[PDB]
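Letter by letter, the sequence shown follows residues 1 to 712 of PDB author numbering. Idealized CB from N, CA, C, for every residue including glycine. Presented below is the structure to which this report refers.
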Amino acid sequence: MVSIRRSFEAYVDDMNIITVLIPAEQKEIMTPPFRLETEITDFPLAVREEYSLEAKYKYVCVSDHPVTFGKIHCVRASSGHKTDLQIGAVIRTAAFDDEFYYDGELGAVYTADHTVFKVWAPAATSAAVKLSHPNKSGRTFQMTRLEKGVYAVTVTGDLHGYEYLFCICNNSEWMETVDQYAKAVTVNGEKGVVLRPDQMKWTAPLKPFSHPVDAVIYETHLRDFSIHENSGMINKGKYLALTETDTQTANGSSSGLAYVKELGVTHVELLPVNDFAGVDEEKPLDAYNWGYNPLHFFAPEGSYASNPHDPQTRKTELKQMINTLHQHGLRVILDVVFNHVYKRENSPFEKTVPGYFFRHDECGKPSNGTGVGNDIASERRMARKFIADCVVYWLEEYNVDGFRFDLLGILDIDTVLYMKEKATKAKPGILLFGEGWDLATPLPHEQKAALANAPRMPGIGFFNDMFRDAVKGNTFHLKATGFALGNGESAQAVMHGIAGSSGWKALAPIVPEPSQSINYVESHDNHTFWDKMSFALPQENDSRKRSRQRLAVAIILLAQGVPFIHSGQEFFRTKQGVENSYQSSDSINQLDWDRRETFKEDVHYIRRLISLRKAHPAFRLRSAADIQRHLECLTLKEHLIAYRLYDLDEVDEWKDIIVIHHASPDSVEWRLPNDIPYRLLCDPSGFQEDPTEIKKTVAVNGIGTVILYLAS
Ligand SMILES: OC[C@H]1O[C@H](O[C@H]2[C@H](O)[C@@H](O)[C@@H](O[C@H]3[C@H](O)[C@@H](O)[C@@H](O)O[C@@H]3CO)O[C@@H]2CO)[C@H](O)[C@@H](O)[C@@H]1O
Ligand SMILES: OC[C@H]1O[C@H](O[C@H]2[C@H](O)[C@@H](O)[C@@H](O)O[C@@H]2CO)[C@H](O)[C@@H](O)[C@@H]1O
Ligand SMILES: [Ca+2]
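If you want it as structure tokens, here you go:
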């Protein structure tokens with residue numbers, strides 16, 4: 001690293017403390033007293049303490065007046081030498097935050113007449129906006145510093161179509177960067193772009209969603225969903241593929257939009273659509289990536305658009321896709337990544353205000369609770385502002401219906417409750433949830449938005465890994481098995497999950513209310529359910545495995561809480577044994593519409609389970625108190641579980657409902673709790689056309705589920 005030649009060093013580590021570092025073989029030359037100078041300034045600096053390091057001697061000096069940011073400062077030694085005051089740790093202090101917190105809008109504010117530019121850089125000494133445009137003369141103008149450390153400049157003319165960059169001067173080193181609030185960018189996100197309002201109109205009004213336990217989530221990646229040669233869609237792997245109506249596979253099976261609507265799902269959860277790194281937008285087929293490498297939080301990814309060179313195109317297509325799903329009665333959830341950025345050192349945050357936006361350990365080095373290099377410090381006031389500003393923007397400008405927070409456990413509770421307030425006001429009924437794993441990040445345990453603190457985050461949901469592992473088997477030991485795979489040691493944990501995970505017997509509650517429990521058995525992370533089971537049960541044929549996976553679905557789909565499904569799970573999706581496919585090729589990640597064809601019958605079974613849940617509110621109790629009054633366990637053995645829903649007058653259309661889950665191939669007899677005749681609605685074979693009546697006892701033959709009901 002080349003660098004500015006300096007006599008010695010000096011940093012501002014607090015609102016009134018300056019740390020002076022002098023090189024070893026100069027200790028006797030560059031000595032105290034020291035003085036802080038600037039235009040019209042010259043005060044003395046007292047020494048509180050001094051001690052030697054391994055290459056330098058250090059002084060911790062104090063000043064009578066608080067340093068004033070925005071102007072260049074000079075530190076003078078008795079020997080006459082000088083050096084420029086650099087930025088220290090003062091940026092992470094509460095005193096600094098309170099002094100510079102800005103509540104207005106930031107970024108590029110457009111008008112056909114003129115454009116106003118604003119950026120928050122409280123510790124810088126200068127700033128400028130750099131404008132360019134293909135064949136149109138480039139210009140760079142100096143910005144003026146205002147209150148709260150905000151720099152701005154107003155440029156006359158219509159700037160639609162112009163590219164822009166900010167130049168921020170920190171520690172006498174100028175850096176170039178795109179606007180953190182950029183709403184449009186060039187190919188591969190090299191620069192931001194100014195664009196007039198696109199005047200997009202939303203023509204598919206949807207009323208506020210009734211309640212969380214009334215939803216059915218379907219997780220999918222935009223490229224995976226339609227890249228297969230037999231997807232029946234024209235815009236393969238693009239935003240527009242999901243807009244294509246009445247699409248079908250070669251053999252005539254339903255696909256795309258028509259397919260998702262037929263299944264009965266209510267919300268479609270998409271993997272990251274903000275601009276990320278990992279795929280060359282100029283040559284998208286050369287690489288693949290899930291999208292968890294944030295570059296620009298306020299703009300869309302380019303590889304999913306028809307044309308990534310025209311700044312407006314990607315925006316238009318994402319909005320059309322979303323509007324179209326709305327027209328067909330489907331809602332949208334956005335996976336968002338506010339816990340880290342890709343390459344911290346080159347990020348807009350770091351180049352504008354060095355060291356402010358990332359958490360640090362006691363040594364003064366970036367923490368790594370995320371495990372990928374950096375942790376965004378949500379607790380800083382402008383960071384919290386940013387996250388809330390971002391969530392509201394997507395809601396207002398893209399009209400989505402909820403968010404899935406990646407690594408929710410890294411964010412702080414106050415920031416989460418603050419954005420929740422603003423988001424629900426902008427869009428009543430949206431869904432808000434995430435993974436609240438306990439992670440090693442520098443925050444007191446009670447301040448993390450982790451699962452353990454669910455009681456303090458009402459209105460926020462969490463992925464239920466307890467229920468997940470109980471049904472499938474521990475996901476960190478390939479060979480481990482769960483109830484669905486034949487392990488009776490976890491049957492009680494399963495009953496707990498069926499009851500909404502809000503307390504059972506001597507088992508402590510996972511969450512306070514069912515609306516906070518996202519029940520699932522598969523996701524984009526780890527082995528798919530089919531692949532994991534294939535490793536744990538190496539001696540079982542395909543027929544038996546299929547029945548165990550259908551069993552895992554019935555357990556989840558008929559449980560109290562919020563059901564969540566991984567795209568392709570319905571037809572035993574496989575990834576060739578790959579455990580972490582974040583960058584694998586298409587042959588590994590694509591949604592196989594050939595397999596959806598082969599197992600149309602098993603997909604039909606899932607479709608019927610979703611229809612049942614929808615037609616009977618008994619499977620959708622609104623609170624822990626109500627569940628306590630209408631749900632009770634009847635039988636609980638190593639391979640057999642039976643519970644029932646009762647007292648369903650005002651509630652359900654049926655009077656009594658009994659559900660039996662069997663996890664072994666043998667055949668057994670089960671005694672009903674009474675002698676009244678019931679209707680056999682379903683058994684290990686599947687649903688029955690025109691229910692037959694049985695009395696006192698019923699047979700449970702092989703792996704599967706049997707459902708009995710009594711009408712009114
Ligand atoms: O290139 C940077 C980074 O890439 C790799 O990390 C990726 C993980 O391997 C991959 O599993 C994925 O992880 C994310 C989960 O899918 C998501 O559910 C949630 O848990 O967030 C995770 C990360 O934020 O994505 C990451 C990032 O691309 C590689 O392993 C790292 O060493 C490397 O630093
Ligand atoms: O054309 C600009 C922008 O307009 C709309 O966004 C509005 C939003 O509807 C209002 O509620 C309020 O928040 O102001 C926003 C911006 O002015 C569209 O929703 C959006 O797609 C479009 O880009
Ligand atoms: Ca990109």
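Check, Outcome
"Counterpart residues of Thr154 in DSSP-defined beta bridges", "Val116"
"Distance, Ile430 Cα to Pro673 Cα", "41 Å"
"6 Å Cβ shell around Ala642 - same chain, five flanking residues per side excluded", "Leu634, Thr635 and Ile660"
"Cβ-Cβ distance between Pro308 and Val193 below 8 Å", "no"
"Near ligand 3: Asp275 beta-carbon under 7 Å from a heavy atom", "yes"
"Sheet register partners of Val20 (DSSP bridge)", "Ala10 and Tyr59"
"Three CB pairs or more closer than 8 Å across the segment 125-139 and the segment 161-177", "yes"
"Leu485 beta carbon less than 8 Å from that of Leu537", "yes"
"For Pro684 and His662, believed in contact at Cβ under 8 Å, the rounded distance", "7 Å"
"Spatial distance of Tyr418 from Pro122 (CA atoms)", "24 Å"
"Option nearest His65 by Cα separation, candidates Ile694, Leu411 and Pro44", "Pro44"
"Cβ neighbours of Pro512 in the same chain (closer than 8 Å, five flanking residues each side left out)", "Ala454, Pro455, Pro458, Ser502 and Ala624"
"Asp414: CB within 7 Å of a non-hydrogen atom of ligand 1", "no"
"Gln583, enclosing beta strand (DSSP E) - first and last residue", "Note, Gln583: premise wrong, no beta strand (DSSP E); not H, not E."
"Sequence-distant residues of the same chain with beta carbon closer than 7 Å to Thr574, five excluded per side", "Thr528, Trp530 and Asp531"
"For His114, the nearest candidate out of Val392, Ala426 and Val155 (CA to CA)", "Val155"
"Sheet register partners of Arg76 (DSSP bridge)", "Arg35 and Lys82"
"Contact between the segment 489-496 and the segment 440-447 (3+ Cβ pairs under 8 Å)", "no"
"Three-state secondary structure (DSSP) of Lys130", "strand"
"Validate contact between the segment 172-181 and the segment 344-354 using beta carbons, cut 8 Å, 3 pairs", "yes"
"Cα-Cα separation between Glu597 and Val265, rounded to whole angstroms", "19 Å"
"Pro366 in three-state terms, based on DSSP", "strand"
"Beta bridge counterpart(s) of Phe463 as assigned by DSSP", "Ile518"
"Of the listed residues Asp586, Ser547 and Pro563, nearest to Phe599 (C-alpha basis)", "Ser547"
"Secondary structure of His160, DSSP reduced to three states", "coil"
"Distance, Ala559 Cα to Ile627 Cα", "11 Å"
"Rounded straight-line distance, which links the Cα of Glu219 to that of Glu9", "53 Å"
"Distance, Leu263 Cα to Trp202 Cα", "25 Å"
"Separation of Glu570 from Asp602, as counted between CA atoms", "7 Å"
"Straight-line gap, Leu648 to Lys655 (C-alpha atoms, nearest Å)", "5 Å"
"Bridge-paired residues (DSSP) for residue 771", "In the structure as shown, the chain begins at 1 and stops at 712. Residue 771 is therefore absent and cannot be evaluated."
"Check your reading: residues with Cβ closer than 7 Å to ligand 2 heavy atoms", "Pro197, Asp198, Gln199, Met200, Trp202, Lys319, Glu396, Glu397, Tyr398 and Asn399"
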